[PDB]
Structure formats: structure tokens, C-alpha cells
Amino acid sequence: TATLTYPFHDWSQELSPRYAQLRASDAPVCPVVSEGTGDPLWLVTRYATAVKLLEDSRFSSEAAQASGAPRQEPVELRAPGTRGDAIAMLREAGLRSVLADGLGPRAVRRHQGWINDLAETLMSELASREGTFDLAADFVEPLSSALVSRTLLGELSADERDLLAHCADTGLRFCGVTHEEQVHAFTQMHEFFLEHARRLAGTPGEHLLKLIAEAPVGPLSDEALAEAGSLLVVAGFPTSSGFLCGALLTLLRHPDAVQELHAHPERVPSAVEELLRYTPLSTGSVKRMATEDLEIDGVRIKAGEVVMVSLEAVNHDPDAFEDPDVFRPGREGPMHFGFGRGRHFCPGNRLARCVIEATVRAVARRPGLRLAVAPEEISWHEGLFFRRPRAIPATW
């Protein structure tokens, strides 16, 4: 039909050209239709409109997550019979801050030592390898696996990590699996945490699941601990693995920038911020439901309708960023949207910045690292909410 269906099938790092077309049209908010459900939706692609949307308290994120809300995702992101309301459950139980406490600057100081040491250890192992090696399987996977165990879930086994990663990949998709496969992925993840969350939270370490289980308050429910574990998987696993893979690709495609960072390590934090702007992650959009009839940049939104913002489209808006499709670590542009904006700004932003910085520094210290094939030959997992290549073949 003549209404665009969403998402735009841009599973690689090449953003759908449709985002720039909509940005340049005469509509600040464009009506689209969810491919997976047929639900009507609104879509924002301009930075200035996105700021107005995401800072407006009359637009609710949680309302756009509830069962029956118009939605881009083909299946509800919750096991049948569960609330899928983890942040609110923690607030209700009195755990207003445990997320911020386990992911904020103090947590970063507790974890940044081993995170940087592991990034260096992993890269040093690759520096001893022959021929071609896979940065996805032999850098991103061990690093993100350590992150998830040590900061989020506890000492998982390899079978448990793979099960949870498979659940995330299967449920957090627009296509490439059946409806029942996706639902069962949320079911399997839920039943894993009903079975094992107490034990995982009891292992040594300072992981968030333990902090949540041991926090002050009645005591936290079994269902409640499962919701918390599910949240940490969906929010921290595919995001970290996808972003680190994508960031590595960006760096490999910009050897001049890497050479500069090798010569000027003090410039690495600015490079991290430019990676968060330039490197695309989600193939969908952040979204909010209007809690009352309202207007944004002249467009009337009725209560109950859901407005999406593509963070990728906003990060590539030439009204905000001069030469927005250039990777420019020295950029002094406005704040990027890689972590969102406003109330729901990524609570893990400090820890993510920590792991991205350790990755950038590991690459920058070792000149000669290159993609072993052309970027057009990288294979991408089709339909994931959070883009991720199947492998990153690399050489010295």
C-alpha cells in the first residue's frame, strides 16, 4: 500500500534511505503501519522534533509497552501471563535506585579495571594469531559474556549464556522466525529465571541480579526476580554485543581515525561519543504513547496513539550534524541520541561507555588491524532489533 510499513529492513550498517526521505518531507511526524501487526504508528526522524517528543512528560514509554498498545514488534515482549514491567516492579518493591546503583559511575569504577584488562588480554591473544581471526567470536563474545556475568546476572555457565543469548536473539526480532518461536523464547527465558535466578543471585560477585535480590525493601517475589533477570538480558545482552560489533566495524573502516587515536589516546572518549552517534544499533525506534490529545510540531496526536523516534535517523540529521554521514571523532556537535533522551536515557550509559572505551583503546593501541573482507561481504543477522554481524573476519 501507499503507507510505509515499518521497520525498513536495514539489517546492515547501511541505513534505509527512507529515513532521510522522511526527514526531508513536509511532515514532522509521518504515519506508518507496523509490518508485524498492522498497527498504525507515527514516526519521527528529525532531531528537533525528537527532542520535543522525548522531553514531553505527556508521552509515556510504559504505556507504549503494555499489552494491546499499537506496536512495531510482531509479538509482545513478555512471556504469556507475565507483566513485562520490570522497572516498575522494582520501583513498587522500593528498589527505586538499584539499577542506577549497579550501573552508575561508582559501579564503573569497580568494574573498569578488569574490563580494560580483559579487552587488553583478548586483543593481545589476537595479536599472536595467524592469518584471519573473527573479532565477533573472539573479542566481542568473551568481553560481553564477562560483562553480563560479572555486572548483570552472576556466574552463568556456557550453556546458560548461550540459552539466554538465543532467547534474546529469537524474541527480539522483526522477522526470520515464527510467531510461536518468538513467544516461546520469552517463555523459555522466563522459566529459566523462575528456576535459576535465586541461585545465580546467590553466587559471589557484585552483579546486579544479586544486588536486586539482596536489597532492602515484603521480600522480592520469585516472579519479580524473573522479571529482573529478563530485563537485564533484553536490555544488556543484544545491545552490548551488537554495539561493540558495529563499533569495531566503524573503526576498521576508518584507519585514519584509528591512526589518530593511536597517536592521541586522550581523544578516545570523544571517539566513543562519535561512535554512539555514527554507528547504528536498533533497526526499530524508541516509542511513546500519548496519554492525552496533544500536538507536536503542529501534528495532532490522539490519546493512545504511539509515536516512534528512530535514533539512527536523528543521529544522521544534517540539521543537527554537519556532514552527518562522516565518522568524525573531533566532532563538536550537539548531544547524540545513541542512549536516547530525557527520562528514559539509558541507565546503563556509564557502563556501556566504559566497555566501548576499553574496546576503542584496545584497537587503537595495535596498528595494522583491518577487515579481512570488503564491508559489503559482512553477513548480518536478519531482522534483529539490535543489528549484529554474523562474524567480523580480521587480519593484521
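Note that residue numbering follows the sequence shown and begins at 1. In this text, rigid core is short for the largest set of C-alphas that superpose within 1.5 Å between two forms.
- Fitting each structure in 4 other deposited structures of this protein onto the rigid core and averaging C-alpha distances over structures and residues, 207 to 215 emerges as the more displaced of 207 to 215 and 272 to 280.
- Superposition on the core shows that, in 4 other deposited structures of this protein, the C-alpha atoms drift more in one of 285 to 293 and 198 to 206; this is 198 to 206.
- The entry models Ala263 and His264 with no unmodelled deposited residue separating them.
- When the C-alpha B-factors of 229 to 237 and 174 to 182 are averaged, 174 to 182 comes out higher.
- Legend: mean Cα B-factor per stretch from the PDB entry, 266 to 274 versus 155 to 163; the higher mean is in 155 to 163.
- Within the listed group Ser67, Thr45, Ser61, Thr37, the record reports its top CA B-factor for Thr37.
- Of the candidates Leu103, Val258, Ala290, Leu311, the deposited coordinates give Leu103 the top C-alpha B factor.
- When the modelled residues of the chain are ordered by C-alpha B-factor, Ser149 sits in the highest third.
- In the deposited entry, the Cα temperature factor of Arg83 sits in the middle third of values across the chain's modelled residues.
- Among the modelled residues of the chain, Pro329 sits in the middle third by CA temperature factor in this PDB entry.
- In this PDB entry, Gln112 carries a Cα temperature factor that places it within the middle third of its chain's modelled residues.
- Annotation for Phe139: CA B-factor lies in the middle third of the chain's modelled residues.
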